[PDB]
Each structure stands twice: as structure tokens, then as C-alpha cells.
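What follows is a single structure, written as C-alpha cells, with notes after it.
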Amino acid sequence: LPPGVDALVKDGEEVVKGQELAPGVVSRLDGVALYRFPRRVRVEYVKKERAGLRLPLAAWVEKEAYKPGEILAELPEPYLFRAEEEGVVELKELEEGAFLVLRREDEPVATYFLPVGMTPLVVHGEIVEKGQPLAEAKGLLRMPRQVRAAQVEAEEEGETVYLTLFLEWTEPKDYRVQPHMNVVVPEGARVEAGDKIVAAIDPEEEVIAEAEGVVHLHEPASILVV
Amino acid sequence: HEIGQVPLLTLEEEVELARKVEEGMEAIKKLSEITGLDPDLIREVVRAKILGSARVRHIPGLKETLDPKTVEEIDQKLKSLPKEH
Numbered sequence: 001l002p003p004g005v006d007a008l009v010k011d012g013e014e015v016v017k018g019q020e021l022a023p024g025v026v027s028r029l030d031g032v033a034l035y036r037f038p039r040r041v042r043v044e045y046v047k048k049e050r051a052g053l054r055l056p057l058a059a060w061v062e063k064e065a066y067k068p069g070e071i072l073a074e075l076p077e078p079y080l081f082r083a084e085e086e087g088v089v090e091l092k093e094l095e096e097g098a099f100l101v102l103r104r105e106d107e108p109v110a111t112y113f114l115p116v117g118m119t120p121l122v123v124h125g126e127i128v129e130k131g132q133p134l135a136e137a138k139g140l141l142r143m144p145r146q147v148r149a150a151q152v153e154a155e156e157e158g159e160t161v162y163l164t165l166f167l168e169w170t171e172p173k174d175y176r177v178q179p180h181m182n183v184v185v186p187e188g189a190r191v192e193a194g195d196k197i198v199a200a201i202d203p204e205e206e207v208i209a210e211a212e213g214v215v216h217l218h219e220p221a222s223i224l225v226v
Numbered sequence: 227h228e229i230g231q232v233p234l235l236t237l238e239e240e241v242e243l244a245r246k247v248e249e250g251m252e253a254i255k256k257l258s259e260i261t262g263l264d265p266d267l268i269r270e271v272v273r274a275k276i277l278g279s280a281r282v283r284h285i286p287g288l289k290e291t292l293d294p295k296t297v298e299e300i301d302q303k304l305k306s307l308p309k310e311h
């Protein structure tokens, strides 16, 4: 298979005459698709965590019949409040997200997330702990559709409801398998913290599993049918 | 007709095959040991089976090895061994 060419490895379940393989690869010679020589392999790592927020206090602006990919707060002139615990700003990525890590010191000092709608001023938000991050809660503040959620904890005392909930999301990734490497893992098999996946000659820097990893192989050198 | 041979041994392939062999022997070692049986003996076996039966020497030097009897005996044994082994 040319480099980058690949279509049916997750279909090593069956094969037929003239079975379409690669843009320029055919298969009249019936049987069953077989994996041969990988090179590229994706790795989604589930990432869960907890967050504390501040939304519409004396008002319901969120119902349980809600999941990943809906609105949060909405058209409140104007959400810009004063928080009181800073650290080292660090915005994370999503298909629709910019989460803030507050490494005040080495410890996890504060957690803050901003779904579509809340503008996360990066390093802006730390002098005398005044909720300096002047994010602007305005209108439909929807949530990325990539991460499920539940268990809200609303606390009424003033202007904005400090929420806390469940943040569950996956996150694809990828790595190359050189001629001397070898996948120990099979078809999208589960992976743990200490479960070595693929290896090669150099014990140095070889496929090392992690926090709940899943298998997906994409770049073969060839394929067998039998 | 060695041209009908697929000398397509790209590096990547040669390689792969290579380790697959060493390991194969290392194994034999474990085996013999994990069995108290002679290593050569083992691989000798390993062969026949892989070497198919349409190839078994009708005269293993004339009964040297009981190609049809003492053989399986070993097999079921090894097979009757724990996964790890």
C-alpha cells in the first residue's frame, strides 16, 4: 500500500471478489481481510475531571434533560464577576473549548471552564484576586458536543450560581511504527497506565500505554487476504 | 524459477522475520528446560508439524524417530501445558 493509503483494516471481518481495498488496490481473490504492517496508530485517551463555575443565580437556566452539546447561561447583562483564587492560567483545547488551569503554586488551586459563549482572557485575571478574568457571559453559552455531563451543584448567594459537575471526554492522537517496531496490541484493544503497547529494538522511547487508551491502526505496509 | 520466488524481502520484512526466529529458538530453550526434554529434540518436532505431513521422511533414518507415534505424544503434552508456557 502506498504511504497513507488505507481503507478497510477495521473490516478484516470479511472479503469478497473484486473487494475494493485501496484507491488503487483490488481483491477478486476472495476470503478475509488481514492486517499486515502498521505505521500509524491513533490513541484516544478518556479524560474526566471536575469543575467549579458561576452562572445565573436566582434563576433556572439549565434543566436536567440536558447533555453534551447544549446551551449553558444566556443573555445576562452582563456576566462579569469577581472570583477570589488565582494561579497559573492554562487554556485547554476542545472542538469548542478553552479551559483554564490555575497553577497558583504547584497544587491544583482552582478549576474553571468556558463553553462556547464565555471569552477566556488568558493571563488576565490575577492581581488582588478580583475575578479579574473579565470573561463575558452573554446569550447562548453552549457546550461542546464532544463531552457528556451531569450532577450540577448550584449554590444561591448573590449573583452567580457556582456550579460543579462531571466532565467526560475522549481525545484522539497518533504515532508512527517504524520497520523495527511491533504492536503488542490487537484490534482497538483497551490500554492501561502500565500496559506496554508496541515496541522495537530501542528500549528507549517505545510505545507506552497510559490513562485508558484505545486502539486504532491506520498505516500498513501491506495486507493479506486468505 | 527462483524468479517465481518473491525476493520482495524489504528491510522491514527481513527484520520482522529475523526476530521471529531468534525468539522461536529462545522459546525452544524455555521449553526443553520447562520440560526436561532435549531442545534439538523439540525443534525437530516443531519442524515435522510445520513441515507438513506430506513431507515426513517415510524413513526417519529408518525408525529413528517414531514419526507417527512418539510425535503427537509430545504435542498433546506441550499443548497440555499452561498458556504462559
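One line per chain: the protein sequences are A and B, in this order.
Residue numbers are given in the working numbering: position 157 of the first sequence equals residue 157, and the series is strictly consecutive.
Start counting at 1 in the second sequence, then tack on 226, and there's your number in the working numbering.
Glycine included, each C-beta is placed from N, C-alpha and C at the ideal position.
Option nearest residue i by Cα separation, candidates the options
i: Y175 of chain A; options: A:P220, A:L21, A:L163, A:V61; result: A:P220
i: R104 of chain A; options: A:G213, A:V89, A:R54; result: A:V89
i: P172 of chain A; options: A:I223, A:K47, A:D6, A:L1; result: A:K47
i: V207 of chain A; options: A:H218, A:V61, A:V183; result: A:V183
i: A211 of chain A; options: A:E192, A:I223, A:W60, A:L167; result: A:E192
i: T170 of chain A; options: A:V215, A:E126, A:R36; result: A:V215
i: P76 of chain A; options: A:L114, A:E136, A:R36, A:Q146; result: A:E136
i: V161 of chain A; options: A:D195, A:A83, A:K196, A:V116; result: A:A83
i: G158 of chain A; options: A:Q178, A:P56, A:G194; result: A:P56
i: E13 of chain A; options: A:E168, A:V32, A:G24; result: A:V32
i: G4 of chain A; options: A:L217, A:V226, A:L224, A:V225; result: A:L217
Buried or exposed by the 16-neighbour rule on C-beta atoms within 10 Å, applied to residue i
i: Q19 of chain A; result: buried
i: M143 of chain A; result: buried
i: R54 of chain A; result: buried
i: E86 of chain A; result: buried
i: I276 of chain B; result: exposed
i: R245 of chain B; result: exposed
i: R39 of chain A; result: buried
i: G230 of chain B; result: exposed
Enclosing alpha helix (DSSP H) for residue i [first to last residue]
i: residue 317 of chain B; result: As displayed, chain B neither begins before 227 nor continues past 311, which places residue 317 of chain B out of reach and without an answer.
i: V41 of chain A; result: First-last for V41 of chain A: 40-42, but that is the beta strand (DSSP E), not the alpha helix (DSSP H).
Cutoff 8 Å: residue i Cβ touching any chain A Cβ
i: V297 of chain B; result: no
i: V247 of chain B; result: no
i: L237 of chain B; result: yes
i: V241 of chain B; result: yes
Any C-beta of chain B under 8 Å from that of residue i
i: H216 of chain A; result: no
i: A221 of chain A; result: yes
i: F37 of chain A; result: yes
i: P2 of chain A; result: no
Boundaries of the beta strand (DSSP E) in which residue i is found, first to last residue
i: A274 of chain B; result: Premise fails: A274 of chain B lies in the alpha helix (DSSP H), 265-276, not in any beta strand (DSSP E).
i: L224 of chain A; result: 223-225
i: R50 of chain A; result: 47-52
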